[PDB]
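Those protein sequences? They're chains A and B, same order as listed.
Per PDB author numbering: the first sequence = residues 211 to 459, 477 to 738.
According to PDB author numbering, the second sequence is numbered sequentially starting from 489.
By construction, the Cβ of each residue, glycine as well, lies at the ideal position given by its N, Cα and C atoms.
Have a look at the structure below before the remarks.
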Amino acid sequence: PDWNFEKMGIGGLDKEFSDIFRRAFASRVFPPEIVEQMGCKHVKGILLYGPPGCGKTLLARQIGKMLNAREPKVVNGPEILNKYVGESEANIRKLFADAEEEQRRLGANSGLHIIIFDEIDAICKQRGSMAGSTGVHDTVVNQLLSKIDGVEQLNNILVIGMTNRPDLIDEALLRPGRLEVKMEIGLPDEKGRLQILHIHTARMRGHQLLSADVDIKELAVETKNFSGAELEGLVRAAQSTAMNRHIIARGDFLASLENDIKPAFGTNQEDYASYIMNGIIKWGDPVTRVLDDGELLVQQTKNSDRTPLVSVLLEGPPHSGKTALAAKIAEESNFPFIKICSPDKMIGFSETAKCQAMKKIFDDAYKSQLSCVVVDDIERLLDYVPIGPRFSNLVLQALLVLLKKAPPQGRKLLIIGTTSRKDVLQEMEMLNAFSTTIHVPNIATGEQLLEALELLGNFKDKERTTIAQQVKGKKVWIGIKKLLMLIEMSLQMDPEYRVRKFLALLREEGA
Amino acid sequence: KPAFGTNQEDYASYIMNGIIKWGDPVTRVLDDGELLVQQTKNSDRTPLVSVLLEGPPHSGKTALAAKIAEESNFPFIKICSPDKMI
Ligand SMILES: Nc1ncnc2c1ncn2[C@@H]1O[C@H](COP(=O)(O)OP(=O)(O)OP(=O)(O)O)[C@@H](O)[C@H]1O
Ligand SMILES: Nc1ncnc2c1ncn2[C@@H]1O[C@H](COP(=O)(O)OP(=O)(O)OP(=O)(O)O)[C@@H](O)[C@H]1O
Ligand SMILES: Nc1ncnc2c1ncn2[C@@H]1O[C@H](COP(=O)(O)OP(=O)(O)O)[C@@H](O)[C@H]1O
Numbered sequence: 211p212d213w214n215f216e217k218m219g220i221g222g223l224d225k226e227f228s229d230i231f232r233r234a235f236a237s238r239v240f241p242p243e244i245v246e247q248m249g250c251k252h253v254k255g256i257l258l259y260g261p262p263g264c265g266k267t268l269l270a271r272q273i274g275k276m277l278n279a280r281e282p283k284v285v286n287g288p289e290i291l292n293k294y295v296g297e298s299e300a301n302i303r304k305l306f307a308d309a310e311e312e313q314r315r316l317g318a319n320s321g322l323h324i325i326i327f328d329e330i331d332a333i334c335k336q337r338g339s340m341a342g343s344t345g346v347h348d349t350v351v352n353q354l355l356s357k358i359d360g361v362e363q364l365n366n367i368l369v370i371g372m373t374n375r376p377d378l379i380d381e382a383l384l385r386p387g388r389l390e391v392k393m394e395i396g397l398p399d400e401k402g403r404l405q406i407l408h409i410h411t412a413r414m415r416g417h418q419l420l421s422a423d424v425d426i427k428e429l430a431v432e433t434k435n436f437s438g439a440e441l442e443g444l445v446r447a448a449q450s451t452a453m454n455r456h457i458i459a477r478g479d480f481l482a483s484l485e486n487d488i489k490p491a492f493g494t495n496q497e498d499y500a501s502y503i504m505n506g507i508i509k510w511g512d513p514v515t516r517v518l519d520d521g522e523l524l525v526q527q528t529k530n531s532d533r534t535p536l537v538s539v540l541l542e543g544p545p546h547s548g549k550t551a552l553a554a555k556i557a558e559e560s561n562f563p564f565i566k567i568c569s570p571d572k573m574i575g576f577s578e579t580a581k582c583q584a585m586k587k588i589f590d591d592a593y594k595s596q597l598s599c600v601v602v603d604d605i606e607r608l609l610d611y612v613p614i615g616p617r618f619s620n621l622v623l624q625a626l627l628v629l630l631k632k633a634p635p636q637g638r639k640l641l642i643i644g645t646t647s648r649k650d651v652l653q654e655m656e657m658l659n660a661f662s663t664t665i666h667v668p669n670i671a672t673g674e675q676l677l678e679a680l681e682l683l684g685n686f687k688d689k690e691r692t693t694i695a696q697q698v699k700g701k702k703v704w705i706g707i708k709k710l711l712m713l714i715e716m717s718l719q720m721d722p723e724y725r726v727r728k729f730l731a732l733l734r735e736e737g738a
Numbered sequence: 489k490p491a492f493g494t495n496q497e498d499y500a501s502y503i504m505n506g507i508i509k510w511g512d513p514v515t516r517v518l519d520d521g522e523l524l525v526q527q528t529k530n531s532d533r534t535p536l537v538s539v540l541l542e543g544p545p546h547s548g549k550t551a552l553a554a555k556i557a558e559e560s561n562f563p564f565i566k567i568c569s570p571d572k573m574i
């Protein structure tokens, strides 16, 4: 048995490699004298899927190193497509034909010619047969499988499939014998990451550049979700500070410093700022009780085995910063995975491009254990307008099934809408699908207003005395983003005229 | 091994908690459909049948569909759901 992971190359996924070893590759490592009776033909092909950056391509070559081929030829799918019809399929034919010579020449004792596809998922779209929608590339796959399971079948081969979209592949491409067996890779647990860190450090520890104040046990777990690929870049970044340390003139952690730089596959901390200008200004009880409620039912999820999915939307009148509150609710529990979906970046897209950004985000999210995702300004991406009813049916349809779509077993998430008007939604039947709602009343009163202004501190006691004298009495109904807007508009004034400008403008709010 | 035929279990995602008998009607539903599937099971000149589950917005409809289909013991079962047709 040659399958031990004390060999350094990869780690953390030990069970999955064990499995392929268990049922996939046992035939090829066993004394053949027995099986030569049984005539058991080997797996010709295998599939493994998972997130992109989790070190799958070093598995394949490692089994090639483990059980020696001449060498791998690795290819990328898009590296072969041609406008000219003949060329693309022919390339594949060359790849296979390299082996057939040895197989027929040297019979059935030949060594493996191994193949790897970096991503199939474009080429292996599931063709379907009818007069229309035959397909664009539906004829390359025929040549492929005809090589795999075809006439003059060969036992001289091994082929590795790779994808991040396992469901689009045709079911016959992967029927048993052509590729029988599938494995899932999922983003590694902290144990796998401490192994990986042991790996990439193993030279540094030996060369003793980094001798001190370095613990992988904490430094692994402080990140709950990363890809093993980024960590090597991280280690390279960790290597960069010692070289950026000698710009001034034997190694230090800069990891705690640099982790803020890195966009993860998972959570990001640097996207708040555009959404959070000012932080969370608590003007009164409703604000704090709301985000307290957020902190309340988040625990529901994290402590629930029977409700993986939960959902709310923060409704309220406009310009109350519901977006910001949702962002804070995300930021409050230090989740593994948080992400924004917003029209800001999906701008100027068709009804089926933004959908494919959205399915991308959630199926990206499904495979994390615990997550919080947020969608802002539902009305906008739904492309709602009152004059005419107009919207894209596609979007809400594909959205609400996701609100009713449970992720795979053992993974849980909550989802957050910021919709500012729900009458449409009640009419449009998204509101029965959401579990529950939050009214976010905008500030209704001056006694709360001046309090907030004291928290900001723009205005003096006299400037504030002005307000306190004139109106205690009105109930002003105002969204706060507008408040900030016009104080900044009055903050520029002749000081004597500063305040009553604010007041006069403020009395134009309506209702 | 998942086959071309019935998912051996794929049902768990549709039923996470499992159906609970809270009274008579739950029995009523799936016994009625059980006789119905007997009807298709042994008959001539009704090669197919068409049934529909009506109910209010959350009644656990999809779940009981999975239950009836499982206990029906068919060789071949597929569920087409918009989840997959997004
Ligand atoms: N606790 C708080 N109370 C009120 N406003 C806050 C609070 N914390 C932050 N904000 C402010 O909310 C503003 C965000 O704007 P806002 O999200 O209200 O526009 P919007 O509501 O998305 O627009 P629309 O009303 O069309 O949805 C920021 O300036 C932010 O500082
Ligand atoms: N008879 C029952 N007793 C107890 N729980 C049930 C019963 N039927 C369904 N459930 C629970 O309801 C949940 C599934 O409901 P399901 O998704 O089938 O509702 P549905 O009617 O399809 O909803 P919708 O009509 O909104 O799609 C599961 O957790 C399931 O255990
Ligand atoms: N144990 C491991 N787990 C995850 N990733 C690893 C591990 N060991 C190495 N890696 C990194 O995984 C990366 C995989 O990158 P590659 O396979 O080229 O892109 P993709 O993973 O998207 O196909 C490699 O660059 C490698 O540095």
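Interface criterion not met: the Cβ of B:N495 is under 8 angstroms from no Cβ in chain A.
Between the segment 684-693 of chain A and the segment 720-730 of chain A there are three or more inter-stretch CB-CB distances shorter than 8 angstroms, so the stretches are counted as touching. At a Cβ-Cβ threshold of 8 angstroms, A:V350 and A:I333 count as neighbours. Put simply, the backbone Cα of A:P634 is about 10 angstroms away from that of A:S595. Restricting attention to A:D380, A:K392, A:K555, the CA atom closest to the CA of A:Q336 is found in A:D380.
Looking only at A:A307, A:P535, A:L269, A:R314, the smallest Cα-Cα distance to A:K639 is reached by A:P535.
In the three-state scheme derived from DSSP, where H, G and I count as helix and E and B as strand, A:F589 is classed as helix. Distances from the alpha-carbon of B:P490 to those of A:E485, A:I565, A:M393, A:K304 put A:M393 closest.
Within the segment 497-519 of chain B, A500, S501, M504, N505 place their CB atoms closer than 8 angstroms to a CB of chain A, listed in sequence order.
Rounded to whole angstroms, the gap between the alpha carbons of A:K687 and A:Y499 is 31 angstroms.
At a threshold of 7 angstroms, B:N505 counts as near ligand 2, since its beta carbon sits closer than that to one of the ligand's heavy atoms. Burial state of A:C264 is buried, judged by a 10 Å Cβ sphere holding 16 or more other Cβ atoms. Sequence-distant partners of A:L441 (beyond 5 residues in either direction) whose C-beta falls short of 8 angstroms from its own C-beta, in its chain, are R403, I406, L407, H410. Contacts between A:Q636 and chain B, judged by CB atoms closer than 9 angstroms, involve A500, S501, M504 in chain order.
Interface with chain B (8 angstroms Cβ-Cβ cutoff): A:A679 is excluded. Listed in chain order, the beta strand (DSSP E) elements of length 3 or more contained wholly in the segment 388-448 of chain A are 391-394. Per DSSP, the unbroken beta strand (DSSP E) holding A:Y259 starts and ends at 255-259.
When secondary structure is reduced to three states using DSSP, A:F729 falls in the helix class. For the set A:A318, A:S356, A:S662, A:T373, the Cα lying nearest the Cα of A:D328 is the one of A:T373. In this structure, the C-beta of A:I406 approaches ligand 3 to less than 7 angstroms from one of its heavy atoms. Fully enclosed alpha helix (DSSP H) runs of no fewer than 4 residues occupy 482-485, 499-502, 512-529 of the segment 482-550 of chain A, in order along the chain. Within the model, the alpha-carbon separation for A:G255 versus B:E522 is close to 42 angstroms. Under DSSP, A:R617 takes part in a beta bridge, and its partners are A:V612.
Inside the segment 224-272 of chain A, DSSP marks whole alpha helix (DSSP H) runs of 4 or more residues at positions 224-229, 242-248, from first to last along the chain.
Distance from the C-beta of A:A439 to the nearest heavy atom of ligand 3 is below 7 angstroms. Any Cβ of chain B closer than 8 angstroms to the Cβ of A:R533 would place that residue at the interface, and such an atom is present.
Short note on B:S531: C-beta not closer than 7 angstroms to any heavy atom of ligand 1. B:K549 has its CB nearer than 7 angstroms to a heavy atom of ligand 2. Within the model, the alpha-carbon separation for A:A580 versus B:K572 is close to 17 angstroms. A:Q313 is classed as buried because its beta carbon has at least 16 other beta carbons within 10 Å across all chains shown. Counting other Cβ atoms within 10 Å of its Cβ, A:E606 reaches 16 or more and is therefore classed as buried. Counting C-beta pairs closer than 8 angstroms gives three or more between the segment 551-563 of chain B and the segment 503-517 of chain B, which meets the contact rule.
Sequence-distant Cβ neighbours of A:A439 in its own chain, meaning closer than 6 angstroms and more than five residues away, are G263. A:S538 and A:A270 have their alpha carbons spaced roughly 41 angstroms apart.
At a threshold of 7 angstroms, A:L711 counts as near ligand 1, since its beta carbon sits closer than that to one of the ligand's heavy atoms.
Under the 8 angstroms criterion on CB atoms, A:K586 is classed as interfacial with respect to chain B.
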